J.: 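Can you keep this structure in mind? I'll have questions shortly.
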Amino acid sequence: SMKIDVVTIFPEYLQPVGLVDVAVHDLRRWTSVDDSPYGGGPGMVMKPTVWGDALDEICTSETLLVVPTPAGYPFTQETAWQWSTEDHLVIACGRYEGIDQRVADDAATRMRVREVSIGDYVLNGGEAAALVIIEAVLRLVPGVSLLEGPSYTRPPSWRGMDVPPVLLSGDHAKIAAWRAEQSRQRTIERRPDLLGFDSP
Amino acid sequence: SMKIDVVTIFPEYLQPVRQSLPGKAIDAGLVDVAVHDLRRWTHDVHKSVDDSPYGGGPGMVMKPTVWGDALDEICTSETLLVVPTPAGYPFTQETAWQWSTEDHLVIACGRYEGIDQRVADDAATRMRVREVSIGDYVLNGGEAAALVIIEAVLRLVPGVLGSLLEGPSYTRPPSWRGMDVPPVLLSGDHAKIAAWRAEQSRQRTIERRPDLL
Ligand SMILES: N#Cc1c(-c2ccc3ccn(Cc4cccnc4O)c3c2)n[nH]c1N
Ligand SMILES: N#Cc1c(-c2ccc3ccn(Cc4cccnc4O)c3c2)n[nH]c1N
């Protein structure tokens, strides 16, 4: 059984959401949420004050506080497995140029905190990352290596393109070996790092 | 000026995109995002989009005939066809930059175990096709990946959405819950501030992303 709370200034974005409940909270309920960065630089930083009040009410010492950020530890399938057995996830979604670092630092004095990134690209805020994290985690909740090769279904010939004949053969050993070969070839081509080789 | 067409059996999932788009960008004709229900192109009264995998195994595979008809209608020779898949090439910021100048992206969102491979292979004989993954985790389908791709791409298109890791950021108040903003940031010594930030970036990168080194 898992509870997930998502905190955002754009609750409208989270709309795409009995063993798990997901609740979305408008951060503005606890209040200008942003100001210029100390030290200078472009854009705005979310003030810690409003976040502190929201998280005070929502979190407990048992909470795993998840903070999407481009500067986070990588969120991976291993992370998804790890979080799948948590009782309570709180996902703090930033906007602007991010959240004052003291929010995570203050939270870590009371609960476990995880700053994570879902990939090496830049988003406008944490909401899309929250949707990715929720989806990856929820499909693993109790009671719910190499790249996959290609898949095929009927008809066996389509637009003059045939399903690989081995897949029609009924020979499990040959099919397994072919699928292994397809996966090896794909992994080498697209993700050689997974097999311990240099990236392109 | 970019057109994005998304094809999915869950068009409601792409609602956040339409909500993120500023009216000024749309009325300026800078961007148009359209979402299409794949079932519009099904052949049967049961609106079937999936079937059992050749060679056996768990799960289902999306039908090539349905997808073929959908992409035939939506794509042209100039389309960049984007196919999210956990077996894809990595989608990165470089990818987002490259795609930000495209006239027409079509994002084909799969579900189940994915789409019959002949769909992409056939499309690739007459348009540019890109199978990509947004990260090293498994999703239920391509919709969340489409949201990520659309956001990362469109934020790079001028006026549409409104190395090393970045170190910590701070703003008002100068003291909060016993924690002071690092005094160097209030020093007015901007060369020193830059050096402090560089070191913070170096430390965070070593700790969180040693692969980047
Ligand atoms: N997880 C994940 C992320 C994010 C992501 C997450 C949360 C926020 C909150 C604000 N922004 C924009 C932003 C933050 C910091 C610096 N510059 C910016 O433009 C975010 C980006 N971007 N890319 C990922 N993989
Ligand atoms: N981009 C990206 C993705 C996806 C992703 C994309 C598209 C589809 C279509 C079906 N599924 C589910 C699925 C595919 C293969 C095997 N098992 C499954 O459960 C997808 C997953 N998962 N993880 C990423 N980084």
Side-chain angles (χ1 to χ4, degrees), chain A residues 3-11 13-14 23-28 30-31 33-61 63-75 79 83 86 88-118 122-131 133-134, chain B residues 165 167-186 196-197 200-201 203-204 207-208:
Chain A
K3 177 62 184 307
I4 304 180
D5 290 290
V6 185
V7 186
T8 171
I9 64 174
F10 285 114
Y13 187 102
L14 270 294
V24 183
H25 309 266
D26 188 346
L27 177 68
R28 293 187 187 277
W30 281 275
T31 57
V33 302
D34 66 292
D35 208 338
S36 292
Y38 277 122
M44 306 289 270
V45 175
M46 300 191 87
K47 299 166 64 52
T49 47
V50 187
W51 277 108
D53 292 332
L55 295 179
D56 278 358
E57 184 170 343
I58 294 162
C59 302
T60 77
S61 62
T63 297
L64 188 64
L65 179 66
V66 178
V67 185
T69 164
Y73 295 86
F75 176 83
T79 319
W83 295 355
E86 293 282 348
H88 189 203
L89 298 188
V90 173
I91 308 179
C93 300
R95 276 278 157 165
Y96 308 90
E97 296 300 318
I99 306 171
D100 187 292
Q101 188 62 43
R102 292 169 291 177
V103 177
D105 293 353
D106 174 64
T109 70
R110 189 165 80 92
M111 73 201 70
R112 295 162 300 143
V113 182
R114 304 288 185 264
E115 292 183 47
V116 299
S117 168
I118 60 157
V122 182
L123 304 168
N124 272 342
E127 290 77 14
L131 288 174
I133 289 164
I134 290 167
Chain B
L165 300 188
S169 287
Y170 301 90
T171 188
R172 287 182 55 74
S175 188
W176 182 75
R177 302 195 171 185
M179 286 170 292
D180 292 349
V181 172
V184 63
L185 295 181
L186 288 81
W196 181 86
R197 288 180 164 160
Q200 286 292 307
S201 179
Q203 291 181 13
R204 182 173 274 188
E207 165 63 24
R208 302 183 177 185

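Reckoned from all heavy atoms, side chains included, excluding hydrogens, waters and symmetry mates. Lettering follows sequence order; numbering is per chain, from 1.
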J.: Is the backbone of A:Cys59 close enough, under 3.5 Å, to the side chain of A:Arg110 for a donor and an acceptor to pair up by distance?
T.: yes
J.: Would B:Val181 and B:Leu186 count as a side chain to side chain contact (heavy atoms under 4.5 Å, CB included) if you check the C-alpha gap in whole Å, the side-chain angles of each, and the deciding distance to 0.1 Å?
T.: CA-CA 8 Å; B:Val181 172; B:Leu186 288 81; 3.7 Å; yes
J.: Between the side chains of A:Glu127 and A:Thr8, does any donor sit under 3.5 Å from an acceptor?
T.: yes
J.: Spell out, as yes or no, whether a donor-acceptor pair under 3.5 Å connects the side chain of B:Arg208 to the backbone of A:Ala71.
T.: yes
J.: Does the A:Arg102 side chain pair with the main chain of B:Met179, one donor and one acceptor, at a distance under 3.5 Å?
T.: yes
J.: A side-chain contact here means heavy atoms from C-beta on lying under 4.5 Å apart; do A:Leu65 and A:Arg114 qualify?
T.: no
J.: Are side-chain heavy atoms of A:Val90 and A:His88 found at a separation under 4.5 Å?
T.: yes
J.: Before accepting this row, confirm whether a basic side-chain N of the pair A:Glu86/A:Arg112 lies closer than 4.0 Å to the acidic partner's carboxylate O.
T.: yes
J.: Evaluate ring pair (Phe, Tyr, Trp, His ring centres under 6.0 Å) for A:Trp83 paired with A:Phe75, printing each intermediate quantity in order.
T.: CA-CA 11 Å; A:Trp83 295 355; A:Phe75 176 83; 5.4 Å; yes
J.: Would you say the side-chain atoms of A:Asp100 and B:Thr171 include a donor-acceptor pair closer than 3.5 Å?
T.: no
J.: Drop me the distance from A:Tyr96's OH to B:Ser169's OG, to the nearest 0.5 angstrom.
T.: 15.0 Å
J.: Would you name the heavy atoms of A:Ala92 and A:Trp51 that are closest together and state the gap between them?
T.: CB-CZ3, 3.6 Å
J.: Under a plain distance cut-off of 3.5 Å, with no hydrogens placed, do B:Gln200 and A:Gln101 share a side-chain donor-acceptor pair?
T.: no
J.: Checking B:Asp180 against B:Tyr170 for the side chain to side chain contact (heavy atoms under 4.5 Å, CB included) test, could you report, in this order, the C-alpha distance in whole Å, the side-chain angles of both residues, the deciding distance, and whether it holds?
T.: CA-CA 10 Å; B:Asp180 292 349; B:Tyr170 301 90; over 6 Å; no
J.: Heavy atoms, side chains only, cut-off 4.5 Å: are A:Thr79 and A:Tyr73 in contact?
T.: no
J.: Quick one: does A:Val6's side chain get under 4.5 Å of A:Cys93's, heavy atoms only?
T.: yes
J.: Grab the two heavy atoms, one from A:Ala130 and one from A:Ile91, that are nearest each other, plus how far apart they are.
T.: CB-CG2, 3.8 Å
J.: How long is the span from the CD1 atom in A:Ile4 to the CD1 atom in A:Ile134, to the nearest 0.5 Å?
T.: 5.0 Å
J.: Which pair of heavy atoms, one from A:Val45 and one from A:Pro37, lies closest together, and at what distance?
T.: CG2-CB, 3.9 Å
J.: Report the distance from atom OG1 of A:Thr63 to atom CD1 of A:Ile58, rounding to the nearest 0.5 Å.
T.: 9.5 Å
J.: Are B:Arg177 and A:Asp105 close enough that some pair of their side-chain heavy atoms sits under 4.5 Å apart?
T.: no
J.: Ignoring hydrogens, what is the shortest heavy-atom contact between A:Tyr13 and A:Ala128? Give both atom names and the distance.
T.: OH-CB, 3.3 Å
J.: So do the side chains of A:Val116 and A:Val67 get within less than 4.5 Å of each other, counting heavy atoms only?
T.: no
J.: Take A:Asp35 and A:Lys47 through the test salt bridge (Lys or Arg N to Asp or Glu O under 4.0 Å) and record every step on the way to the result.
T.: CA-CA 7 Å; A:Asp35 208 338; A:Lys47 299 166 64 52; 5.3 Å; no
J.: How long is the span from the CZ atom in A:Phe10 to the CG atom in A:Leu27, to the nearest 0.5 Å?
T.: 11.5 Å
J.: Quick one: are A:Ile99 and A:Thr69 in side-chain contact, heavy atoms under 4.5 Å?
T.: no
J.: Evaluate the side chain to side chain contact (heavy atoms under 4.5 Å, CB included) criterion for residues A:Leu89 and A:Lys3: first the C-alpha distance (whole Å), next the side-chain angles of each, then the deciding distance (0.1 Å), finally the verdict.
T.: CA-CA 6 Å; A:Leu89 298 188; A:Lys3 177 62 184 307; over 6 Å; no
J.: Is the shortest side-chain N to carboxylate O distance from B:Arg172 to A:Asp34 below 4.0 Å?
T.: no
J.: State, to 0.1 Å, how close A:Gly43 and A:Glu97 come at their nearest heavy-atom pair, and which atoms those are.
T.: CA-CG, 3.7 Å
J.: Taking the side chain as every heavy atom from C-beta outward, state whether A:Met111 and A:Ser61 have any atom pair closer than 4.5 Å.
T.: no
J.: Do you know which two heavy atoms are closest between A:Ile133 and A:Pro68, and how far apart they sit?
T.: CD1-CG, 4.3 Å
